[PDB]
Structure formats: structure tokens, C-alpha cells
Protein chains: 4
Amino acid sequence: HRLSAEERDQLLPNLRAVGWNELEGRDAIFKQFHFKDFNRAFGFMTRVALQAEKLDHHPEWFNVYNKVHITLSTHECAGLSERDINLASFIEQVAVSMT
Amino acid sequence: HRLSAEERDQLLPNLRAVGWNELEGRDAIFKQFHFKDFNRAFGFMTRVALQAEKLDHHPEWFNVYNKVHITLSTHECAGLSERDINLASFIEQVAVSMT
Amino acid sequence: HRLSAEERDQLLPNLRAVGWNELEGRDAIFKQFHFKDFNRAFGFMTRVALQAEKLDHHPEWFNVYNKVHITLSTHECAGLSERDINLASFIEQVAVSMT
Amino acid sequence: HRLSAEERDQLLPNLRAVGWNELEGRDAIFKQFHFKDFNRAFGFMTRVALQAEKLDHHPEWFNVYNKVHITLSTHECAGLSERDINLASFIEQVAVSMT
């Protein structure tokens with residue numbers, strides 16, 4: 001349940017490449033989304049909400065209007081898990097849908 | 001205001017072009033959307049809810065998993081007003097993001 | 001799976017008491033909910049919708065403004081299964097609060 | 001329309017009473033809600049968003065599972081306003097109905 005260097009070098013890149021970044025003094029990833037509006041931003045959130053419920057993996061996130069900041073870290077390992085990688089991956093399918 | 005004539009024949013066509021049929025035995029239009037899963041289905045529902053609530057024009061919709069059937073008629077008039085029209089397009093636009 | 005009549009007899013009464021009720025041409029439960037406004041109705045849909053995805057069990061449902069008619073049945077067995085009951089239980093909870 | 005000294009006094013009370021605070025640093029009120037789960041949290045977020053959109057007054061909220069932080073300030077007039085108030089009150093009614 002803990003991203004080992006290997007895992008990381010294989011997994012991180014495709015997200016790193018899109019906007020995801022690792023944080024400091026905490027194993028977790030972040031990314032800032034900026035939609036056109038609230039309709040879209042909430043639409044996006046909802047879709048993410050559904051899946052997080054489905055997987056029992058929740059994001060630390062903040063929104064204001066059309067901006068949505070997401071932060072991913074798994075609780076047990078207290079760092080990244082495969083669980084962050086897919087949610088992100090997922091988040092991504094969803095985002096590019098709106099935008 | 002119970003769309004008149006030339007308008008129905010200005011406006012509707014565009015809607016029929018895209019699959020909007022006229023309802024049988026009611027002044028209404030209806031269309032059904034097929035999504036891949038419920039996740040998209042509901043995400044689509046939400047964007048619309050937000051819009052509906054915002055204009056105070058609420059559809060009649062029936063959902064099952066990944067299928068959403070929507071009916072548009074203005075209550076005030078008991079028929080096709082401009083409200084339906086605009087809602088339908090916003091709907092169309094939203095449809096595309098998921099679809 | 002498809003409930004036996006012994007089962008139907010155990011789980012049903014409580015839902016029956018509450019307003020749930022068997023459909024005539026098929027093996028499913030029906031129940032029409034009414035709320036003050038859309039906010040509440042949509043708000044309620046959203047909570048079952050999360051739950052429904054959590055459990056991979058979806059309802060057939062219809063909504064107009066503040067009214068929501070929910071229909072449950074376990075497709076796989078082609079009739080009431082425990083899923084509909086579980087679900088139904090929860091739908092009940094959510095319901096009671098918005099009222 | 002940035003609330004008056006008289007204004008604040010006649011309004012903040014109740015909110016004040018409920019847990020809502022005024023921010024040092026900015027003309028804004030704040031509150032952190034705590035729920036039993038994400039379902040409720042999210043259901044909550046939803047009705048609110050519904051309203052937020054209705055009004056055209058969006059919140060600054062953060063969410064990490066079962067807790068939500070809300071900050072309200074009227075960008076328009078650089079501080080608290082009738083709006084934030086209103087919306088705030090509403091946030092409350094909705095919160096109550098979450099159990």
C-alpha cells in the first residue's frame with residue numbers, strides 16, 4: 001500500500017505530465033482544476049463524489065466557484081497508494097470531459 | 001408563451017434535427033439520452049438540476065441506470081414555451097460533454 | 001435471491017407499513033415521495049445515488065419538481081431481491097430527514 | 001452593499017449563536033461542519049450548491065470526507081453582505097436535516 005520508487009517512476013509520470021505534483025512534508029499529490037463555471041465545476045465534483053464513494057477513497061478538496069483544488073493521499077500508508085493513482089486517473093477522465 | 005407558429009417552425013426543427021421528438025397527446029417535447037454508466041448519467045442530471053433550479057424550469061425525467069429520459073413542457077401554459085426551448089439546448093450542450 | 005414467500009413475509013411488512021407497495025404487473029416495489037421543493041428532492045436523489053453506486057444497486061425513478069417516484073426490483077433475478085430491501089431501507093432514512 | 005455596523009449587529013447574532021465566526025483579516029464569516037459520513041456531507045454540499053447557483057453567490061468550502069468548512073464574503077462589495085447572511089442561514093437549515 002505504499003508507493004515504492006519503482007511504482008512511482010512508473011505511475012507518477014502520466015499524471016505529473018498533466019499537472020499533478022507531489023507535495024512537501026507529506027506523500028500526496030495535488031492538482032488545480034479551473035473550469036469555466038460552477039455548473040461544470042460541481043458537475044465534475046459530483047462525478048468524482050460518486051466514484052470516491054464507490055471506492056471508499058476520498059479527496060481533500062476545496063472549491064470556489066469554477067476552481068477546484070484536489071489533494072490525494074491514502075490514510076493508512078500515510079502517503080500515496082494505488083488508490084491515489086486511479087482516483088487521479090479517473091479524475092482526469094472526468095475533467096477533460098468538461099473543459 | 002405557448003410557442004406560436006413560425007417559432008415552433010424556427011426552433012423545433014433544430015431540436016428535431018438533434019433527436020427531440022414531440023410528445024404524443026401533450027404539448028411537449030421529449031428525448032432520451034443513453035450514457036455509458038450511471039456515473040455519467042447522474043453527473044449529467046446534476047448539471048441540469050443546477051440549471052433548472054436557476055431558471056425555475058424543471059424537467060420531467062425518468063432515469064434508470066445509464067438512461068435518462070427527459071420531457072419538457074411549461075406548466076404555466078400547459079405547453080411549449082420558450083423555457084422548454086432554452087432548457088433543451090442547455091441540455092444538448094451538457095449531453096455532449098458526457099456523450 | 002428472489003425472495004421466497006417466507007422472506008417476502010419477513011422483510012416486507014415494515015416497508016409496507018411505511019408506504020412501499022408491490023406492483024401489479026411485476027415483482028417490484030413502488031413508492032412515491034413528496035417534498036417541499038426541488039432542492040430537497042434533488043438533494044435526496046443525490047444521497048441515494050451515492051448509495052446506489054456504493055452498492056451497485058440502482059432504482060428506476062422518476063422526478064418532477066418536488067415529487068419522486070422510486071421503483072425497486074432486482075433485475076438479475078427478475079424480482080425483489082435483498083438489494084431492493086436494503087436499498088429501500090436507506091431510501092427511507094434519507095427521506096425522513098428531508099421531511 | 002457591504003453590511004453596516006447596525007446591520008451586522010442585528011444579523012450576526014443567530015449565526016453567531018450557531019458557530020459562525022467573523023474572520024480577522026477579512027470581511028468574512030466562517031464555519032466548519034461535521035457530519036457522520038461523506039454521504040451526508042455531500043448531500044449537504046449539493047442542496048447548498050443548488051441554492052448557491054440559484055442566487056449567484058458561491059461559497060468557499062473545503063471538504064475532506066465528513067467535514068466541510070464554509071467561508072462567505074461578497075466579492076462584489078469586498079466584505080459581508082445580506083447575501084452571505086441569507087445563504088448562511090440557509091446553510092443552517094440544510095445542516096439540521098443531516099443525521
Side-chain angles (χ1 to χ4, degrees), chain A residues 36-40 42-43, chain B residues 1-8 10-35 40-64 66-99, chain C residues 30 32-46 60-71, chain D residues 46-47 49-57:
Chain A
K36 187 141 107 232
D37 64 22
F38 190 64
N39 204 270
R40 282 155 153 100
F42 210 68
Chain B
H1 47 80
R2 187 125 176 191
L3 289 198
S4 45
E6 168 189 56
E7 10 204 50
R8 319 197 133 219
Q10 219 182 333
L11 311 163
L12 285 144
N14 330 325
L15 297 169
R16 225 223 251 128
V18 245
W20 283 84
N21 266 106
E22 256 174 301
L23 192 102
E24 210 252 3
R26 281 260 302 267
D27 179 10
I29 51 145
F30 74 95
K31 142 116 168 240
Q32 157 157 256
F33 302 82
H34 296 72
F35 300 94
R40 239 159 283 226
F42 204 66
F44 159 80
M45 278 179 82
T46 301
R47 295 203 51 193
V48 183
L50 291 144
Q51 201 64 351
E53 211 32 342
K54 175 170 214 69
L55 337 171
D56 221 72
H57 210 48
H58 311 85
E60 294 182 47
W61 53 8
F62 169 72
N63 155 260
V64 205
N66 63 329
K67 271 124 33 194
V68 182
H69 175 306
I70 316 198
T71 311
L72 295 191
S73 189
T74 296
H75 229 87
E76 262 199 26
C77 325
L80 294 216
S81 90
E82 71 143 49
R83 315 205 126 150
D84 306 297
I85 297 339
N86 348 121
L87 191 70
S89 357
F90 166 91
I91 283 176
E92 248 348 275
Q93 198 201 314
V94 179
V96 191
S97 292
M98 269 105 248
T99 263
Chain C
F30 191 59
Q32 116 84 308
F33 301 68
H34 175 286
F35 327 68
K36 194 47 195 213
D37 47 28
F38 177 54
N39 207 273
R40 258 171 273 229
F42 202 76
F44 148 107
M45 281 165 104
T46 303
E60 323 193 2
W61 59 5
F62 172 84
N63 167 84
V64 203
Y65 201 42
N66 65 328
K67 343 231 227 317
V68 182
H69 319 90
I70 304 183
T71 311
Chain D
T46 323
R47 325 230 352 234
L50 268 170
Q51 255 277 141
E53 259 293 83
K54 191 177 230 289
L55 293 168
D56 232 309
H57 184 81

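Chain A is the first sequence line, chain B the second, and so forth, proteins listed ahead of strands; every chain is numbered from 1. Hydrogens, waters and symmetry mates play no part in the numbers below; they use all other heavy atoms, side chains included.
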Student: Would you check if B:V18 and B:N14 make a side-chain contact, meaning some heavy-atom pair closer than 4.5 Å?
Tutor: no
Student: What is the minimum heavy-atom distance between C:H34 and C:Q32, and which atoms define it?
Tutor: N-OE1, 4.0 Å
Student: According to side-chain contact (heavy atoms from CB on, under 4.5 Å), who are the partners of B:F62, at least two apart in sequence or on a separate chain?
Tutor: B:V64, C:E60, C:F62
Student: Among residues at least two apart in sequence or on other chains, which ones pass ring-ring contact (aromatic ring centres under 6.0 Å, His included) with B:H1?
Tutor: none
Student: Anything under 3.5 Å between a donor and an acceptor, one on a side chain of residues 91-99 of chain B, the other on a protein residue two or more places apart or in another chain? List them.
Tutor:
from, atom 1, to, atom 2, distance (Å)
B:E92, OE2, B:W20, NE1, 3.0
B:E92, OE2, B:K31, NZ, 3.1
B:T99, OG1, B:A95, O, 3.4

Student: Compile the donor-acceptor pairs under 3.5 Å between side chains in residues 78-85 of chain B and protein atoms, sequence neighbours left out, one pair per line.
Tutor:
from, atom 1, to, atom 2, distance (Å)
B:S81, OG, B:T74, OG1, 2.5
B:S81, OG, B:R83, N, 2.7
B:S81, OG, B:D84, OD2, 3.3
B:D84, OD1, B:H57, NE2, 2.7
B:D84, OD1, B:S73, N, 3.0
B:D84, OD1, B:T74, N, 3.3
B:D84, OD2, B:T74, N, 3.3
B:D84, OD2, B:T74, OG1, 2.7
B:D84, OD2, B:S81, N, 2.8

Student: Among all residues two or more places apart in sequence or in another chain, which pass the salt bridge (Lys or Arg N to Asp or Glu O under 4.0 Å) test with B:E53?
Tutor: none
Student: Is it true that C:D37 and D:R47 make a salt bridge, defined as a side-chain N closer than 4.0 Å to a carboxylate O?
Tutor: no
Student: In terms of ring plane angle, is the pair B:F42 and C:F42 parallel, tilted or perpendicular, where the classes change at 30° and 60°?
Tutor: parallel
Student: Do you know which two heavy atoms are closest between B:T71 and B:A28, and how far apart they sit?
Tutor: CG2-CB, 4.1 Å
Student: Using the test ring-ring contact (aromatic ring centres under 6.0 Å, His included), find all partners of B:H58 that sit at least two apart in sequence or belong to another chain.
Tutor: C:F38, C:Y65
Student: Could you tell me how the ring of B:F30 sits relative to the ring of B:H69: parallel (under 30°), tilted (30 to 60°) or perpendicular (over 60°)?
Tutor: parallel
